[PDB]
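# Architecture at a glance
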Amino acid sequence: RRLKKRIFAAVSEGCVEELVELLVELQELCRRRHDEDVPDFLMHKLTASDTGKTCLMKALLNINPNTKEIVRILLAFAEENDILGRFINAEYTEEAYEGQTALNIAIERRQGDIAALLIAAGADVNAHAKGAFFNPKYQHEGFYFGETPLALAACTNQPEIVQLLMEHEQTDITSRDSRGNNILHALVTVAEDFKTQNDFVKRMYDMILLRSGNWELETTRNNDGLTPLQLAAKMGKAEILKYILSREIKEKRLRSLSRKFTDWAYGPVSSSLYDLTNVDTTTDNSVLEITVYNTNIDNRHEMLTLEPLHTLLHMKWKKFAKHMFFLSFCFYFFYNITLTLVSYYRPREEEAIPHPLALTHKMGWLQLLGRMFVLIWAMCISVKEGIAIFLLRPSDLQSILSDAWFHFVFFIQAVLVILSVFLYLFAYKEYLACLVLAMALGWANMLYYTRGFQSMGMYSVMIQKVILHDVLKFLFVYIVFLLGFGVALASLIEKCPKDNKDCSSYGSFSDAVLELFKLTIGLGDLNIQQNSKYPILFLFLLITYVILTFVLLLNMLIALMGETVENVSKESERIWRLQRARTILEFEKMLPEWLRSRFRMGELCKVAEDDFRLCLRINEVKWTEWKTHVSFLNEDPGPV
Amino acid sequence: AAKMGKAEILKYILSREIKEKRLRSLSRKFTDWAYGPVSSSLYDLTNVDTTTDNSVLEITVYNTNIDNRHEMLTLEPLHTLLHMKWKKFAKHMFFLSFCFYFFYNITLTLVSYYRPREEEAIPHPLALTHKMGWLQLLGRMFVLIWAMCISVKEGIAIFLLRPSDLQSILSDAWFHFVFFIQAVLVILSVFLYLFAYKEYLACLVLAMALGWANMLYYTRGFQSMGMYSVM
Amino acid sequence: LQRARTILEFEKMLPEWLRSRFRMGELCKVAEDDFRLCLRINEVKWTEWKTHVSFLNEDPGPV
Ligand SMILES: CCCCCCCC/C=C/CCCCCCCC(=O)O[C@@H](COC(=O)CCCCCCCCCCCCCCC)COP(=O)([O-])OCC[N+](C)(C)C
Ligand SMILES: CCCCCCCC/C=C\CCCCCCCC(=O)O[C@@H](COC(=O)CCCCCCCCCCCCCCC)COP(=O)([O-])OCC[N+](C)(C)C
Ligand SMILES: CCCCCCCC/C=C\CCCCCCCC(=O)O[C@@H](COC(=O)CCCCCCCCCCCCCCC)COP(=O)([O-])OCC[N+](C)(C)C
Ligand SMILES: CCCCCCCC/C=C\CCCCCCCC(=O)O[C@@H](COC(=O)CCCCCCCCCCCCCCC)COP(=O)([O-])OCC[N+](C)(C)C
Ligand SMILES: CCCc1cc(O)c2c(c1)OC(C)(C)[C@@H]1CCC(C)=C[C@@H]21
Ligand SMILES: CCCc1cc(O)c2c(c1)OC(C)(C)[C@@H]1CCC(C)=C[C@@H]21
């Protein structure tokens, strides 16, 4: 293998003369040495076995200003000895790198000129790469282009090569990779925001679709049942989603491939009929379901401006969800009042036994429907939220924000009511402690129903983000000081002469924690005389607790100050639109078949000749940029 | 460049790529490979790690006569190098610290509210227990050994205090003293009580209150709490 | 910053055998007659492109 290793060193450096020298020798060699299987042994003297790497690969992996040459001498050599098929179509063999061919290397190293040669020489254009570096799971183990040479040219912004590969036949544009993705899914995969990758996926996602001329690639489910449209929604790619929905192909013969059919235009005013094929919840998983109920991404706020949704969210509220949100509040109001107008009349007395909420049995009519409404609606929450418990594929944060703080307290409230009626039934006196939490949890949870009511809605967000993030810290350090300084003053106190009982406020530890607790809130009375060994030390630990406590309270107002000036005006108004969206859809999931169909949005359209699809009209006004409006669906400018 | 605090020049010395051949040997940014956007850059750690004597990672951190030590620690054979040392060994040792310093104050505290809150003739507060059960033996004994342990150790941090330009005040030394004072007041008392003095109680109580407030120190490897203990 | 002092102050404590085990780095053939420690830091960059020529090892990736 001396001739083998030296030719590898030849393509490496760039020595063309030294290459042509051994070029003759391998030509002189194979005629008489190891004949009768010439092209196999000849190839075997070019294969870097245990890797599959041939000379042509070794040439283009290592680019030098003298590289266009060494390719040509090997290609003309492949022509003479007739190995041109297996020569170019050879691939690596190891699992870490499989399928990587010559065309795969040339498209990466920006040698677009050499690419045109290898394609014309008969390179398998619809190649693949099913290795590990080419299908990583974690980041920074490799690069996912999509197991086609076309994708690597498009993902890496090589439009000249994409056009050339595209025009050449045998270029199956409807191909599919290992994980089922076609060329369009992969472009949705590798696409970041404008801070990162500039815009070229938006431009290259356009170029392939315009020329394709069919509703084929945009309607392909990879393996898990996802189109490029749905895939863009799940991963959280906002820029590409803005294009897919609001796509106008003004050039005729491809107006059919649009979703922005302009109904008409009279000067500044125009009417754009967007489409709602797979955006509404009529079918299975859609944008409006994925965009809202997803939690594994972070930018769900920015997506809900994209505007066959925002108009679509608002109209669902005006129709049905505004009412159902209020019909909810009236029953949940009547419930707590019922639970409360039992709790302050029957428990505040004792004869032998009161039955608190059980089957009334010797009470008037007023109290029958009272107690009965509690148990049925108590079980009703107790069941329902439990399904929301179960369908809780882990909300990435936790029980904490984005919804699940509230579905538990609803659940806990329902359990504690029914739990008590079981406790009381056997014998137990523990019924009262459960009704009282059932009130206090209930009243504080009426605060929940403030989201379809604006500015209050933003206020119920700010309280929540504040009782998760800053106050929880302040307690945790306020505990350790209180419990810390609590012992110090609870131990410095000494003998309580029984002749002078209740000798001091600070006695046991339990009293020290509270009489310090009353001090913090601004309540009670203080006298530095309490029976102690050191009245000088007994105060220094107290004035200590005043200062050290006080300092954190200033860390409080500034830590929220450093939170509110950055967040509120953008934070509250936007996540409010989010949680309001879940409320709309969650009601739409409830509705029966006949009632949902009646309230289904949309209006039919003749967007083109052989094309009827749903729509949603959104008028607008625009003055700054003008045109001689030519793209009309219907020429008559206006309604009717 | 590290000692004087010159950040711009340090950014160049570490991340130097001499792409032109014949002088690639003079680099510290050897690219292992590159496949399109993804690449792998093998930076160097000749005199950046603490394997040898005074280095960047020792000078950049322990220096106080400059002001811009923050901006330097982004320069990135350090930031990656700081983070990996934590994941390996220092995350654990920081928590093994907190458990013993937790068990210490609880020990010091579960003596302070049971024996001092009574008086017969004399209680021996923390001395050699001598007619107590096993629970109280390892209790008192753990206090004195670990009390001396802080009392010694921080004292070396006292001595190796080429004046931290501010003072005892910020950038570290506010906390190494209260650790020291806490350790002194405990052992100081056991000496005071030994002779005859009644002053033992006043020292145990500061030993608690200083101790509990200094548990706030151990909040730095735990993020957002860590930023709160700075503010 | 203060987190950095905590890391090193612990590293100053560690005995000889335990420090050597936890020593970072990996050997490299950066050049012909040159072996030195290293630390791999991968990255991602999209805005500026080039026909990458400066390779230590030609095989693009781990292993
Ligand atoms: C976060 C902490 C937990 C939160 C809790 C939240 C709720 C607040 C909790 C309130 C509890 C209030 C007192 C309860 C009733 C008394 C019983 C008791 O506990 O004490 C008994 C023993 O215990 C002691 O004497 C305490 C000594 C150890 C202090 C531990 C503090 C740890 C904080 C570390 C923080 C780590 C920070 C880490 C930083 C990274 C003595 O009590 P007594 O005199 O025998 O009892 C009176 C008798 N009576 C009741 C009949 C009248
Ligand atoms: C024609 C009528 C036939 C009956 C249809 C019945 C349909 C009702 C649906 C599903 C039927 C099954 C009921 C299950 C009961 C428990 C569900 C539950 O929790 O509900 C909630 C109320 O949610 C509601 O949907 C309101 C229920 C009041 C009756 C509405 C009738 C009018 C609907 C047509 C109106 C058209 C008006 C538009 C203008 C033209 C109670 O709140 P919660 O316990 O905290 O629940 C969590 C959810 N939440 C926090 C987001 C609120
Ligand atoms: C600056 C203004 C803003 C901030 C202000 C600070 C805010 C608060 C910060 C911190 C809380 C501070 C603690 C206060 C406790 C005082 C009372 C005490 O310790 O002893 C007393 C009670 O003792 C108990 O009841 C023992 C504790 C029981 C466990 C429940 C703790 C409640 C905390 C829930 C946390 C909810 C978290 C949910 C929200 C996120 C006396 O003990 P006793 O003798 O046993 O009882 C007397 C009656 N008996 C003799 C008849 C039995
Ligand atoms: C194989 C084990 C053999 C033993 C090795 C012994 C090594 C220990 C080192 C030095 C030995 C000498 C000890 C001197 C005692 C006083 C020092 C001191 O203050 O310590 C501190 C704890 O600091 C620690 O280092 C933790 C000590 C607990 C034992 C750790 C054993 C596991 C080490 C291997 C773990 C590998 C796990 C990684 C995953 C694989 C106490 O806090 P402080 O008093 O306030 O001190 C100031 C410093 N501080 C504020 C920054 C915290
Ligand atoms: C008001 C914003 C939403 C809300 C509702 C609640 O029901 C409660 C909330 C918050 O905070 C906690 C969990 C601390 C409360 C504990 C006890 C009660 C009586 C109520 C709990
Ligand atoms: C909490 C942040 C760090 C800290 C720890 C402490 O130990 C103390 C701190 C601060 O402030 C002073 C010095 C005023 C305290 C004096 C008395 C006590 C009981 C504690 C002192």
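Calculation criteria
- For each chain, positions are counted from 1 along the sequence as written; this may not be the entry's numbering. Residues without coordinates are not shown.
- Whichever chain is written first is A, and whichever ligand is written first is 1; the rest continue in order.
- Taken together, the chains in view make up part of a larger assembly, and the values describe this part alone.
- Side-chain metrics in this entry use all non-hydrogen atoms of the structure; hydrogen atoms and water are not considered.
- UniProt positions are given in the numbering used here, feature names are shortened, and annotations may be inferred rather than shown by experiment.
- By definition, any uninterrupted DSSP run of H or I lasting at least four residues is a helix, any uninterrupted run of E lasting at least two residues is a strand, and each is numbered from the N terminus.
- What the globule rule says is 2.2 Å times the number of residues to the power 0.38, and the radius of gyration is computed from C-alpha atoms.
- Each residue is placed in one exposure class: buried if its accessible area under a 1.4 Å probe, protein chains only, is under 20% of its type's maximum, exposed if it is over 50%, and partly exposed if it falls in between.
- By the convention used here, residues are in contact when the closest approach between their heavy atoms is within 4.5 Å.
- Residues scored as charged are limited to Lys and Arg (positive) and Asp and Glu (negative), so that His and the chain ends carry no count.
- A charge is said to be at NZ when it belongs to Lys, at CZ for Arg, at CG for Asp and at CD for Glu.
- Two strands are counted as paired when DSSP detects at least two bridges linking them.
- Inter-axis angles, ranging from 0 to 180 degrees, are taken between N-to-C directions of lines fitted to C-alpha atoms, where helices are fitted over the stretch in contact.
- For patch detection, residues must exceed 30% relative accessible area and be free of salt bridges, and they are connected within 9 Å for like charges or within 5 Å for nonpolar side chains (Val, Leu, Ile, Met, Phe, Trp, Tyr).
- Using the Shrake-Rupley algorithm and a 1.4 Å probe, accessible areas are obtained, with residue cover drawn only from the displayed protein chains.
- In the sections that follow, a salt bridge refers to a side-chain nitrogen of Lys or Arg positioned within 4 Å of a carboxyl oxygen of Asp or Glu.
- Whether a residue is near a molecule or strand depends on its heavy atoms: it is near if one of them lies within 4 Å of it.
- Pairs of N or O atoms are called polar contacts if they sit within 3.5 Å, as long as, within protein, a hydrogen donor faces a hydrogen acceptor (for residues adjacent in sequence, only side-chain-to-side-chain pairs).
- All amino acids are sorted into three groups, where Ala, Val, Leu, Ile, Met, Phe, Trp, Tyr, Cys and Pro are nonpolar, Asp, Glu, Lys and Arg are charged, and the leftover types, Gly among them, are polar.
- Simply put, the buried area is the total loss of 1.4 Å probe accessible area from both parts when two parts are fitted together.

The deposited coordinates derive from cryo-EM, with the record listing a resolution of 3.63 Å.

Chain B appears in the PDB entry as Transient receptor potential cation channel subfamily V member 3 from Homo sapiens. Its official PDB title, as written in the record, is "Inactivated-state cryo-EM structure of human TRPV3 in presence of tetrahydrocannabivarin (THCV) in cNW30 nanodiscs".

Chain A appears in the PDB entry as Transient receptor potential cation channel subfamily V member 3 from Homo sapiens. Under Subunit (literature references left out), UniProt gives the following word-for-word description of chain A: "Homotetramer. May convert from a homotetramer to a homopentamer to allow pore dilation. Interacts with TRPV1; may form a heteromeric channel with TRPV1. Interacts with SNX11; this interaction promotes TRPV3 trafficking from the cell membrane to lysosome for degradation." Note on chain A: under the UniProt heading Sequence similarities, the record states "Belongs to the transient receptor (TC 1.A.4) family. TrpV subfamily. TRPV3 sub-subfamily."

### Considering the overall build of chain B
Each helix and strand counted, chain B has eight helices and two strands in total. Seen in sequence order, chain B has helices and strands lined up from the N terminus as α-β-β-α-α-α-α-α-α-α. For 231 residues, the compact-globule estimate of 2.2 N^0.38 gives 17 Å, and the C-alpha radius of gyration of chain B, at 25 Å, exceeds that figure by more than 25%. Once the C-alpha set of chain B is aligned to its principal axes, its extents read approximately 85 × 35 × 30 Å. By residue count, 47% of the 231 residues in chain B fall in the buried class. Expressed as a percentage of contacts within chain B between residues at least 6 apart in sequence, the contacts between residues at least 24 apart total 56%. Seen as two clouds, the 23 positive and the 18 negative side-chain charges of chain B have centres 5 Å apart.

### Notes on the sheet that holds strand β5 (residues 616-620) of chain A
Residue and element names in this part refer to chain A. Ordered by their spatial adjacency, three strands build an open sheet running β1-β2-β5, and the pairing between neighbours is antiparallel. Strands at the two margins of the open sheet, each flanked by one partner only, are β1 (260-266) and β5. For this sheet, the mean inter-axis angle between neighbouring strands, taken without regard to orientation, is 20°. As paired elements, strand β2 (residues 269-274) and β5 share five bridges and run antiparallel to each other. When the sheet's bridge partners are listed, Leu273 is paired in β5 with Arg617.

### Observations regarding a positive patch on the surface
A cluster of like positive charges, contributed by B:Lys87, B:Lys88, B:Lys91, C:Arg3 and C:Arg21, occupies part of the molecular surface. At three residues, helix α4 (residues 79-112) of chain B tops the list of elements feeding residues into the positive patch. Mapped onto the elements of the fold, C:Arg3 is located in helix α1 (residues 2-13). Of the residues examined, C:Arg3 reaches a relative accessible area of 36% and is grouped as partly exposed.

### Let's talk about the site of ligand 5
Residues and elements named next belong to chain A. By nearness alone, every residue bordering ligand 5 is listed as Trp405, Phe406, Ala440, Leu441, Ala444, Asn445, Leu447 and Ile463. In this structure, an oxygen atom belonging to ligand 5 sits 2.8 Å away from a side-chain N or O atom of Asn445. Protein burial of ligand 5: of its 480 Å² of free accessible surface, 64% is covered by the chains. Counting only elements with at least two residues in the shell around ligand 5, the list comes to α19 (405-426) and α20 (431-446). Of the residues in the shell around ligand 5, the class split is seven nonpolar, one polar and no charged.

### Brief notes about the interface of chain A and chain C
Residue-level contacts link 19 residues of chain A with 13 residues of chain C. Summing both sides of the interface, chain A and chain C together bury roughly 1,500 Å²; the carbon and sulfur share of this comes to 55%. Among the residues chain A hides against chain C, the three largest losses belong to A:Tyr97, A:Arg109 and A:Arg110. Together they make up 29% of the total. Put simply, chain A and chain C have three salt bridges between them. Taking the shortest distance from any N to any O, the salt bridge between C:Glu58 and A:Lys58 comes out at 2.9 Å. Taken together, the links from chain A to chain C amount to nine residue pairs in polar contact. Considering only residue class, the side of chain A that touches chain C consists of eight nonpolar, six polar and five charged.

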